[PDB]
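Undergrad: Sequence and experimental coordinates follow.
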Amino acid sequence: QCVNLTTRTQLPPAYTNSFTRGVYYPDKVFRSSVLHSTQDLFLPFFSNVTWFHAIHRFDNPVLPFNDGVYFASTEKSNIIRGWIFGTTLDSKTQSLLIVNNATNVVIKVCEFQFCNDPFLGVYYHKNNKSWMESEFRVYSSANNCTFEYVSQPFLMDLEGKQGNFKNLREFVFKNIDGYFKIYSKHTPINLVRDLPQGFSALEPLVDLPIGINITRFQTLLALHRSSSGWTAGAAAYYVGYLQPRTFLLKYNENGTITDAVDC
Amino acid sequence: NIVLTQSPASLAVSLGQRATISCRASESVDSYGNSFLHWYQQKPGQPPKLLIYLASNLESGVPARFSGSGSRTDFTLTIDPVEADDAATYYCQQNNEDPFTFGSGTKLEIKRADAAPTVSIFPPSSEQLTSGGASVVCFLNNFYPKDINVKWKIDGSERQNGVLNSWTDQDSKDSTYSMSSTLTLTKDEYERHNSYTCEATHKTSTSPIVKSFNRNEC
Amino acid sequence: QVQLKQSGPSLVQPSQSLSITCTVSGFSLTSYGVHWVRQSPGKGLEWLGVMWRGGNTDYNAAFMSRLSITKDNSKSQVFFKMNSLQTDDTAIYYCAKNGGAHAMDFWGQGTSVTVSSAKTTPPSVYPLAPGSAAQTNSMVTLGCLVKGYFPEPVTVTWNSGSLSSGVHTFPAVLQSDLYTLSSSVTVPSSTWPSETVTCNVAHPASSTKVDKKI
Amino acid sequence: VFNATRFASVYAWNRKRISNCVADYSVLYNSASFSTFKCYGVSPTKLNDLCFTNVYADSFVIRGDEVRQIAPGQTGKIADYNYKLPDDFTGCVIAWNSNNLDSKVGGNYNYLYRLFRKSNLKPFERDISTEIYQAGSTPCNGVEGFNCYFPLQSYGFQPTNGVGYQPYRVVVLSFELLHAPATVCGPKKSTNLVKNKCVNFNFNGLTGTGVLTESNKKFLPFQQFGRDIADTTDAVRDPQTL
């Protein structure tokens, strides 16, 4: 209900500036050698955005979800296991639960009683490990489910590690009249600093016709311990607020967006 | 007091017609949403069975021809169509005030096809006479309607003391009536005359039912 | 499915007490009550009492202090304790399953309980066959005279139930502290005097089954 | 659900949530394995070209005489106290005589129904209360007797009873439209594909007229259509064949 991890080291909120990130394909139309003008929820260029870490600095605050938010999950040991979206973030109303149990990205919508800092646990990170999940502190209870979905099977590496970030898993989360669309893009990286100054068009992952109100969101994170004395590995994520400003999309002959311009 | 003045006392209805059975009650009413009672059907060869619960919903086990309605005090059972399976005694049980007694009971008879009785006399054997008893048995079974009059008349004069019968009601299996006539006599009375007769009179049989027999016919 | 046949009592004396065992089967006795009635003693079908759904009991206004009911969930049987029985209490008793609105949906076979101080008297069966000079019209009728027995009833059949067409079971006539039962069957000439015919009896109370040849 | 192994009661019906799928309803209408097929507000042939938000197949059984109560604009014991439907029910009710399936030796008395209730139910309001209430001012304190009825009663689904009492596996397909996006639809029937000929095409997303011919254009995995430099549709990926 109000489980907050105590191993978080008191540090101020980190911030950065997005150079050109937060652009995705707004439609399913193939175009060749054009500069298409469009207006939808994208991240404004040169806009100040936050920087949240998940390490042994473990950030998981209650952040606002007005229209949509852009994420850039920089992972090394795959600490990010999913996201939470809902209005009250408790069992009072319906709340979207996105979680990855290291085998399938489970997506459900029930009256999930989320805590102040939910997480998943991997016991025995040192010896006799087996990389098995035992603690599931995502929610306390669930009632009156309205949507259920399980992604394809995968195999995530729960090996706790320290150092730089290896994978760049960018996502976009928005809610437009119940159409909770999710974009994704996975690419490697060697990042030891703030959000990279680059560009990459994100492809659509899934489309969740849920039909609920969403005003705030959180992020699920994995922990390790050999449930308050747990610690995390090496990962981080960002939060960029989308706005319906005017943007251009430069399409190449192959049909991909190679560059964009914020008016 | 709850005087369940159920009427009529009995009925004799033909096939394909409509029979009506009323039921009166005193108390109580307004239990949850109604004040209706339960109806039953006691066949001569089967115990009672629930017909309609709350007088507005049919009950399984019995045919679905039963229906009806009723006021807060008066109730009515509509039997339509009257068939050969409705030969039974209907009742009306209280359900909302102790005691849950039934009505007076309305016996419904079905006017089936008529049939004449059989004739078979069985005088007592020499062993029965040695025991002390002497009971001539004359079976008049497989007939319809029940309007039958058996009356023994010995050759000497009209008998009115030893006349006896065992009238069987219309069974559920056997749709016809049956009656076993008997004549209680002593050894001297049986040997008083040689010839006797099992005299009877049936409604359908215009001619008199008679059959003579001797004492040595055993 | 629902079975509520009664048994146990055979013959009771007046001014005594004995319980009628109504065997419950087909439904949970704790979830449904069991009624108790008798077959029209004078006036219409007389209701005696009912066991509630695992609680108290209700009884007739006249039989409030006379009769009592008690349930035994261990044996799945309900006992109908009788007290102060008189000669007028002789009738066929039935039990039924408590319905929704205190209805009696399913009913049992019941049993005939006779109230009398006299003891059980065995029967004196006399086979009824036609004589050599007896008349006949394209048929041969037989009978069995079960005279001088007590208490009622007694079921009579023919050849262990082989003959069923012409069989007619009549009610027993009340004699002086005894009963006189009679039965008959219409059969062709090929079954008598050529073949052997045996008339069997069955006393439901004493379970007496003694065969008698015609 | 129509051919399920076992059904629920009339007041505790098994609400099977159906969403994000399709179904050819003409097969069920012509399945030759039903006793009643009555769709209210829309015919089985018209609903094949319509989509719905949520579909709930309420699974239960009732007697033959009670089938008329399960319909819009009809009252009764089950229509008011056990399972209340809306006055504007736009779904469809289907039933099948299950006397050879549900009934057994002695009668199947597992299906229960309430003879009354404290108040009439609302549209699509389920109640599983088994409490025995008092009718008069004399409190019974639980058990029934002396003016306090027991509402739950079992159905008399016997194998030798009349057709009015036999079981009918009623399946009320509750079709409704809520604020959420449409998820259920009918059979998306199509025609044969024609190539290298002037034919009018009609896809789910766009339509037009032209000669459909293969080319070296490579659409992305999510791109279903394509436009030229002038932002005009000049290419399309067939939804059936990639």
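TA: Right, received. Where do you want to start? Numbering: from 1, shown residues only, chains lettered A, B, ... in the order given.
Undergrad: and chain B, what are its domains?
TA: Following CATH domains of a matching chain, chain B resolves into domains at B:5-110, B:121-214.
Undergrad: Now residue A:248: which helix or strand?
TA: Per DSSP states H and E, residue A:248 falls inside strand A:246-251.
Undergrad: who does that strand pair up with?
TA: In the sheet, strand A:246-251 lines up against strand A:34-39 (antiparallel), strand A:257-262 (antiparallel) (DSSP bridges).
Undergrad: So which of these is the most surrounded?
TA: Mean neighbour count (mean count of other C-beta atoms under 10 Å in any protein chain shown) peaks for strand A:257-262 among these, with a mean of 16. In short, each C-beta sits where N, CA and C put it, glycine included.
Undergrad: Return the distance of that one from the chain's centre.
TA: 23 Å (C-alpha atoms, centre = their mean, to the nearest Å).
Undergrad: What ranges does chain D have for its helices?
TA: With DSSP state H as the criterion, chain D has helices at D:25-29, D:77.
Undergrad: mind exporting the longest one as CSV, just the C-alpha atoms?
TA: Coordinates of the C-alpha atoms in helix D:25-29 are reproduced here as CSV (Å, rounded to 0.1, in the frame of the first residue of the first chain):
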residue,chain,number,x,y,z
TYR,D,25,-22.6,-16.0,-36.6
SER,D,26,-24.3,-17.5,-39.7
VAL,D,27,-22.7,-20.9,-38.8
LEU,D,28,-24.3,-20.9,-35.4
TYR,D,29,-27.7,-19.8,-36.9
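Undergrad: Which residues belonging to it are considered buried?
TA: D:25, D:28-29 (16 or more other C-beta atoms under 10 Å in any protein chain shown).
Undergrad: same deal with stretch A:99-109?
TA: For stretch A:99-109, by 16+ other C-beta under 10 Å, it's A:99-102, A:105-109.
Undergrad: ok, back up a step: looking at the domains of chain B, which is nearest to chain D?
TA: Closest to chain D of the domains of chain B is domain B:5-110 (C-beta to the nearest C-beta; 2.4 Å).
Undergrad: circling back: which of the buried residues of helix D:25-29 lies closest to residue C:178?
TA: Closest approach to residue C:178 among the buried residues of helix D:25-29 (C-beta to C-beta): residue D:28, at 70.8 Å.
Undergrad: looking at it, that closest one is touching residue D:96, isn't it?
TA: No. With contact defined as C-beta atoms under 8 Å, residue D:28 does not count as touching residue D:96 (10.5 Å).
Undergrad: which residues do those two both contact?
TA: Common neighbours of residue D:28 and residue D:96 (criterion: C-beta atoms under 8 Å, 6 or more residues apart in numbering or on different chains): D:2, D:34.
Undergrad: In chain C, what residue lies closest to chain A?
TA: residue C:31 (29.8 Å).
Undergrad: residue ranges of the helices in chain B, please?
TA: So, for chain B - with DSSP H - the helices run B:126-131, B:187-190.
Undergrad: What residues does chain D have near chain B?
TA: D:63, D:65, D:77, D:107, D:115-118, D:133, D:135-136, D:146-147, D:149, D:153, D:155-158, D:161-162, D:164-165 (C-beta under 8 Å from any C-beta of the partner chain).
Undergrad: Please list only the buried members of the residues you listed.
TA: Applying 16+ other C-beta under 10 Å to the residues of chain D next to chain B flags D:63, D:65, D:77, D:107, D:115-117, D:133, D:135, D:146-147, D:149, D:153, D:155-158, D:161-162, D:165 as buried.
Undergrad: of those residues, list those near chain C.
TA: D:107, D:115, D:146, D:149, D:153, D:156.
Undergrad: if I look at the spatially most central residue of chain B, how far off is residue B:11?
TA: Compute the mean C-alpha point of chain B, and by C-alpha atoms, centre = their mean the closest residue is residue B:169, 3.4 Å away. Distance, residue B:169 to residue B:11, by C-beta to C-beta, to the nearest Å: 15 Å.
Undergrad: re earlier: a markdown table for the helices of chain B, including mean neighbour count?
TA: Formatted as a markdown table, the helices of chain B follow (neighbours: other C-beta atoms under 10 Å in any protein chain shown):
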| stretch | mean neighbour count |
| --- | --- |
| helix B:126-131 | 14 |
| helix B:187-190 | 15 |
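Undergrad: Tell me which of those helices approaches residue C:22 most closely.
TA: Closest approach to residue C:22 among these is made by helix B:126-131 (40.0 Å; C-beta to C-beta).
Undergrad: Quick one: name the residues of the stretch 51-200 of chain A near chain C.
TA: Residues of the stretch 51-200 of chain A lying near chain C (C-beta under 8 Å from any C-beta): none found.
Undergrad: now the strands for the stretch 51-200 of chain A?
TA: Along the stretch 51-200 of chain A, counting by DSSP state E, counting those that start in this stretch, strands occupy A:63-64, A:68-75, A:80-86, A:95-100, A:105-110, A:119-123, A:133-136, A:147-150, A:165-174, A:179-191.
Undergrad: now swap in chain D and tell me
TA: Applying DSSP state E to chain D gives strands spanning D:14-18, D:36-39, D:54-59, D:62-63, D:92-95, D:112-114, D:152-154, D:167-168, D:171-176, D:198-202, D:207-211, D:225-227, D:233-236.
Undergrad: what pairs with residue D:92 across the strands?
TA: Beta-bridge partners of residue D:92, as defined by DSSP bridges: residue D:39, residue D:173.
Undergrad: shouldn't it be in contact with residue D:36?
TA: No. Between residue D:92 and residue D:36 there is no contact under C-beta under 8 Å: 10.6 Å.
Undergrad: who's more crowded, these two?
TA: Using other C-beta atoms under 10 Å in any protein chain shown as the criterion, residue D:92 and residue D:36 rank with residue D:92 on top: 24 against 15.
Undergrad: got the contact list for the more buried one?
TA: By C-beta under 8 Å, 6+ apart, the contact list for residue D:92 reads D:38-40, D:42, D:44, D:47, D:172-173, D:175.
Undergrad: what's the burial count for the closest residue to chain C within the stretch 51-200 of chain A?
TA: Closest residue of the stretch 51-200 of chain A to chain C, C-beta to the nearest C-beta: residue A:143 (29.8 Å). Residues lying near residue A:143 (other C-beta under 10 Å) number 9.
Undergrad: Look at the residue of chain C closest to chain A and give its secondary structure.
TA: Put simply, residue C:31 is coil when judged by DSSP: H, G, I helix; E, B strand; the rest coil.
Undergrad: Leaving out chain neighbours, which residue sits closest to it?
TA: residue C:53 (6.8 Å; C-beta to C-beta, 6 or more residues apart in numbering or on different chains).
Undergrad: hmm, back to that, looking at the strands of the stretch 51-200 of chain A, which is closest to chain D?
TA: Nearest to chain D among the strands of the stretch 51-200 of chain A is strand A:179-191 (6.5 Å), distances taken as C-beta to the nearest C-beta.
Undergrad: What residues sit buried inside the closest one?
TA: Neighbour-count burial for strand A:179-191 flags A:180-185, A:189, A:191 (criterion: 16+ other C-beta under 10 Å).
Undergrad: Switch those residues over to JSON lines; also include distance to chain B.
TA: Output for the buried residues of strand A:179-191, formatted as JSON lines (distance: C-beta to the nearest C-beta, whole Å):
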{"residue": "A:180", "distance to chain B": "47"}
{"residue": "A:181", "distance to chain B": "52"}
{"residue": "A:182", "distance to chain B": "53"}
{"residue": "A:183", "distance to chain B": "58"}
{"residue": "A:184", "distance to chain B": "59"}
{"residue": "A:185", "distance to chain B": "64"}
{"residue": "A:189", "distance to chain B": "72"}
{"residue": "A:191", "distance to chain B": "72"}
